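Next up: just one chain, as structure tokens, the form solved without this ligand.
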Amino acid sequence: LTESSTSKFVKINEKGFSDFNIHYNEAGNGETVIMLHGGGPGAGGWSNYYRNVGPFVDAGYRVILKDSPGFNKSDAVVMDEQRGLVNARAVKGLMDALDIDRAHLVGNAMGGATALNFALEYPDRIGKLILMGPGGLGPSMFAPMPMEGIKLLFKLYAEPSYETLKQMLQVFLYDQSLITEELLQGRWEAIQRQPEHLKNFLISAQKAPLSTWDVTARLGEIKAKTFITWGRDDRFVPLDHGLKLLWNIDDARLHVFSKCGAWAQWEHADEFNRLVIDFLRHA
């Protein structure tokens, strides 16, 4: 499978979206699993999930790697509400556009916030909920905030450069030797190609700070069977938020990988793929 061969576009009309263009990558034909990416500069569906799409399609799922509004090849946008909620509406727009009745959701950090808000706003349209270091969930009990990777996400947004990109990825990833030229260049190109996305993010950040993403008080509403994953060494969203989900969501479990940063799905792809597919099939 390739980015090019799986690349699709769809216009959406959900709420304050009107004929809004969403880019995604799709493969397979079984039950739908929608995978949702983080919010750093240059993030997108394909580069975040390319280590996953194949095993999941192989296991029989239809996989959709969605670009959130204001990321990668989806339309530019300035948000006045918390990103998790706006992205969730986009997911629902996408699903109605494609005649998808229920989907499983997978999401890291911002995409986790996205998945969380979707489960809350639309409980009839979700199957299983899968979270990797989901953002949004308020103050840590242990981590000073803003987290190390958050500060770097904002620095990169405001003063983009290959050098600052590398610094940021070095913090995202436990194993530094995973930071190949290819990974860097791929991020650099998404950054270079849509400079408007950066300015828009910082604007949206001002209109609705991360403090407003916090959906903790509503976790008890979630009736989705939930799989929570964390990297032990995640410098982007702190590990004790994993405990907070486990205590507050009715039917949750938590899996924490050693020697893993903010991209469990990428840094521990094989075991990640095994646990989540097993969960999707059997939980």
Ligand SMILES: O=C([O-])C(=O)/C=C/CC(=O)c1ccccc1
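Residue numbers here begin at 1 and follow the sequence given.
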| Out of 152-160 and 105-113, which one has CA B-factors that are higher on average in the deposited record? | 152-160
| Comparing 258-266 with 19-27, which stretch shows the greater average C-alpha B-factor in the deposited entry? | 19-27
| message | Just to confirm, going by the entry's C-alpha B-factors, which of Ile191, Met95, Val86, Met168 comes out highest? | response | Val86
| Deposited CA B-factor, highest of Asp240, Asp214, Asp250, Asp234 | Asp250
| query | Is the Cα B-factor recorded for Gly136 in the lowest, middle or highest third of its chain? | reply | highest
| said: By the recorded C-alpha temperature factor, relative to the other modelled residues in its chain, which third is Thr180 in? | reply: middle
| field | Third assignment of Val77 from its chain's C-alpha B-factors | value | highest
| request: Tell me, lowest, middle or highest third: where does the Cα B factor of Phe142 rank within its chain? | output: lowest
| message | Quick check on the deposited entry: does the C-alpha B-factor of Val33 sit in the lowest, middle or highest third of its chain? | response | lowest
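From this point on, the text means the form deposited with this ligand bound, which you will not see here.
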| task | Sort through 38-46, 252-260, 215-223, 58-66 and report the only stretch with a non-hydrogen atom within 4.5 Å of this ligand in the deposited complex. | result | 38-46
| Should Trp266 be counted as a contact of this ligand in the deposited complex, where contact means heavy atoms within 4.5 Å? | yes
| message | Since only the chain is shown here, I'm wondering whether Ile191 would be in contact with this ligand in the deposited complex (any heavy atom pair within 4.5 Å). | response | no
| task | Considering only heavy atoms, tell me if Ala76 and this ligand come within 4.5 Å of each other in the deposited complex. | result | no
| message | If we define contact as a non-hydrogen atom of the residue within 4.5 angstroms of the partner, is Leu169 a contact of this ligand in the deposited complex? | response | yes
| Taking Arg89, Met95 and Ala103 as the candidate spot, are all three within 4.5 angstroms of this ligand in the deposited complex by heavy atoms? | no
| From the list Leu183, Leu198, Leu120, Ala205, which entry has a heavy atom within 4.5 Å of this ligand in the deposited complex? | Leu183
| remark: In sequence order, the residues of 200-216 that place a heavy atom within 4.5 Å of this ligand in the deposited complex are none
